[PDB]
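Analysis of the macromolecular model
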Amino acid sequence: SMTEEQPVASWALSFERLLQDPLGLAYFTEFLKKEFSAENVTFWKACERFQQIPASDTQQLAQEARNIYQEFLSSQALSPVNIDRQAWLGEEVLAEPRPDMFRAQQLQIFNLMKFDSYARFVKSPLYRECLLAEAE
């Protein structure tokens with residue numbers, strides 16, 4: 001009935017839950033940083049950060065847009081996220097920043113890590129340490 005939920009176990013039930021829960025995302029990002037492939041989750045975080053901004057404050061949108069752009073979306077990006085660049089917006093997203101722009105690209109990353117880094121995390125430490133210790 002969705003009235004109650006599992007403890008940290010809920011992560012292994014749904015990636016959404018893992019990705020919506022601060023603890024889940026934290027431990028997940030604790031692994032995903034030391035080897036530096038956090039670009040996906042932090043891009044999703046960036047787009048989430050972008051949609052967090054009220055469409056009313058287009059100025060903040062403009063600021064965040066150029067941030068995410070130069071970091072992940074630039075041709076000289078320090079963290080090049082793998083999305084369809086060929087048909088990507090480009091200068092247009094700087095021209096008109098709106099909190100619905102990177103939506104498809106956001107879900108592109110979401111589904112990218114959904115069956116990969118997620119699938120790995122539930123097998124990796126930190127999860128178990130917060131889930132159980134006696135095993136059975």
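Data block above holds the structure.
1. Focus: the overall build of the chain
What the chain contains, in helices and strands, is eight helices and zero strands. Helices and strands in the chain line up, N terminus first, as α-α-α-α-α-α-α-α. With the principal axes as the frame, the chain shows a C-alpha extent of 55 × 35 × 20 Å. Residue pairs at least 24 apart in sequence account for 61% of intrachain contacts in the chain once pairs closer than 6 positions are excluded. Here the chain has roughly 8900 Å² of accessible surface; of this, 49% comes from carbon and sulfur atoms. Taking the 13 positively charged and 20 negatively charged side chains of the chain as two groups, their mean positions are separated by 3 Å.

2. Brief notes about unusual backbone geometry
Leave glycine aside and you will find that most residues have negative phi; peptide bonds, for their part, are mostly trans. Phi at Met-2 takes a positive value of approximately 65°, unusual for a residue other than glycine. In this fold, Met-2 is placed in the segment before α1 (15-20). By relative accessible area, which is 82% here, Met-2 ends up exposed. In the Ramachandran plot, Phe-36 falls in the positive-phi region, its phi being about 70° despite a non-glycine side chain. Along the chain, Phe-36 falls in the loop between α2 (22-31) and α3 (39-52).

3. With respect to the side chain of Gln-106
Looking at the secondary structure, you find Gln-106 in helix α6 (residues 103-114). Residue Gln-106 is classed as buried on the basis of its relative accessible area, which comes to 8%.

Criteria and cut-off values
- Residues numbered from 1 in each chain as written, not as in the entry; some residues may be left out.
- Heavy atoms only, no water.
- Helix = DSSP H or I, 4+ residues; strand = E, 2+ residues; numbered from the N terminus.
- Contact = heavy atoms within 4.5 Å.
- Areas by Shrake-Rupley, 256 points an atom, 1.4 Å probe, with all protein chains shown as cover.
- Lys, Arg positive; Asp, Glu negative; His and termini not counted.
- Charge placed at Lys NZ, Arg CZ, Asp CG, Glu CD.
- Buried < 20%, exposed > 50% of the residue type's maximum accessible area, 1.4 Å probe, protein only.

Just geometry here; none of it tells us what the structure is for.
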